[PDB]
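Here's the letter readout for the chains.
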Amino acid sequence: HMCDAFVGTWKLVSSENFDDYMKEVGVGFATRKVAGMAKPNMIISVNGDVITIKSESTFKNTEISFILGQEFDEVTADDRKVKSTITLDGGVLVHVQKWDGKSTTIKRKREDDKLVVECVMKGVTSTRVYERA
Ligand SMILES: Cc1ccc(C(=O)CC(C)(C)CC(=O)O)cc1Br
């Protein structure tokens, strides 16, 4: 029942500062423009200890399955090859991605009826708000 309140199908409804976050990550112009249009469906499910987060989008579909605290390989939507570790900290899913000596942290939280995604690269934060689909 660890991630019960995250499970479901969610649709992106708002984004703030995503272009700057993507710049800080190293995403190039064309990918930033096309990625920034997308309104993905995020599908979260749990089976035993395995959490799956899928993103269905007009830009790029992605899928990760993981066990909390156990590092895994991830190919991000912008085609970075990262090493990811996801933990639960006070009810927040905390996702750290490492690649090329860089790091970004993505936090996912339930707030009211929304799922709020905060993406941080150095001093730059983007906030992406999802509602139930
Ligand atoms: C270029 C690009 C396109 C999409 C995404 C994501 O959707 C994942 C995050 C950042 C975690 C945001 C979210 O899930 O809404 C990331 C990058 Br970089």
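Each chain's residues are numbered sequentially from 1 according to the written sequence, a convention that need not reproduce the entry's numbering, and residues without coordinates are excluded. Hydrogens and waters are ignored; side-chain quantities use all the structure's heavy atoms.

- Listed as the method for this PDB entry is X-ray crystallography; the listed resolution is 1.1200 Å.

Overview of the site of the ligand
So, step 1. Within the structure, the ligand sits among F18, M22, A35, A77, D78, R80, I106, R108, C119, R128 and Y130.
So, step 2. Residues adjacent in sequence count toward polar contacts only when both atoms are side-chain atoms; beyond that, a polar contact is any pair of N or O atoms within 3.5 Å, and within protein one must be able to donate a hydrogen and the other to accept it. In this structure, an oxygen atom belonging to the ligand sits 3.0 Å away from a side-chain N or O atom of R128.
So, step 3. At 2.6 Å from an oxygen atom of the ligand is found a side-chain nitrogen or oxygen belonging to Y130.
So, step 4. We get accessible surface area from the Shrake-Rupley algorithm with a probe of 1.4 Å; when it comes to residues, only the shown protein chains can shield them. Contact with the protein chains removes 88% of the 440 Å² of surface that the ligand exposes when unbound.
So, step 5. Put simply, DSSP marks the helices as runs of H or I at least four residues long and the strands as runs of E at least two long, and each gets a number from the N terminus on. Secondary structure elements with two or more residues in the shell around the ligand: α1 (18-25), β8 (102-111) and β10 (124-132).
So, step 6. Residues are grouped as follows: nonpolar covers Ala, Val, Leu, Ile, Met, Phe, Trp, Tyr, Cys and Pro; charged covers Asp, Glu, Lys and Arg; every other residue, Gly included, is treated as polar. When its residues are assigned to classes, the shell around the ligand shows 7 nonpolar, no polar and 4 charged. A molecule or strand has a residue near it when one of that residue's heavy atoms lies within 4 Å.

Remarks on the sheet that holds β10
So, step 1. Pairing is antiparallel in the open sheet, where 10 strands are placed in the order β4-β3-β2-β1-β10-β9-β8-β7-β6-β5. Pairing within the sheet leaves two strands with one partner each, and these edge strands are β4 (62-66) and β5 (72-75). Averaged over all neighbouring strand pairs, the angle between strand axes comes to 25 degrees, with direction disregarded.
So, step 2. The criterion for strand pairing is that DSSP finds at least two bridges linking the strands in question. Judged from the 5 bridges that link them, strand β3 (residues 50-56) and β4 form a sheet pairing that is antiparallel. Directly across from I51, in β4, lies its bridge partner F66.
So, step 3. Whether two residues are in contact is decided by their heavy atoms, any of which lying within 4.5 Å being enough. The convention used is that axes are lines fitted to C-alpha atoms, helices contributing only their stretch in contact, and that angles between N-to-C directions extend from 0 to 180 degrees. Contacts from α1 reach β1 (8-16), β7 (92-99), β8, β9 (114-121) and β10, with the element oriented near 125 degrees to β10.

Some thoughts on the environment of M37
So, step 1. By the secondary structure assignment, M37 is in helix α2 (residues 29-37).
So, step 2. A simple rule labels every residue: compare its accessible area, found with a 1.4 Å probe on the protein chains alone, to the largest value its type can have, and call it buried under 20%, exposed over 50%, or partly exposed in between. Given the relative accessible area of 65%, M37 is considered exposed.
So, step 3. Residues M37 and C3, spaced 34 residues apart in sequence, show a C-alpha to C-alpha distance of 29 Å.

Some points on the packing of α1 against α2
So, step 1. Between α1 and α2, the least distance of the axes is 10 Å, while the angle of their chain directions is 140 degrees. In the crossing of α1 with α2, the sense of the turn from one axis to the other is right-handed. Side by side, α1 and α2 meet where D19, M22 and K23 of the first sit next to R32, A35 and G36 of the second.
So, step 2. Residue composition of the contact of α1 with α2, by class: 2 nonpolar, 1 polar and 3 charged. Helix crossings fall into two classes, left-handed where the near helix is turned counterclockwise from the far one by less than a right angle and right-handed where it is turned clockwise.

A few points about the pattern of salt bridges
So, step 1. Salt bridges are defined as contacts in which a side-chain nitrogen from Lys or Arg sits within 4 Å of a carboxyl oxygen from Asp or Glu. Under the criterion given, the structure shown has 8 salt bridges.
So, step 2. The partner of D73 in a salt bridge is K83, and the shortest N-O contact between them spans 2.8 Å. You can see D73 sitting in strand β5 and its partner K83 sitting in strand β6 (residues 81-89), a full 10 residues away along the chain.
So, step 3. You can call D73 exposed: its relative accessible area is 59%.
So, step 4. For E131, the salt bridge goes to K114, with nearest N and O atoms at 3.9 Å. In this pair, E131 is assigned in strand β10 and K114 in strand β9, connecting sequence segments 17 residues apart.
So, step 5. Among the residues examined, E131 registers a relative accessible area of 29% and is labelled partly exposed.
So, step 6. For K114, a relative accessible area of 36% gives the class partly exposed.

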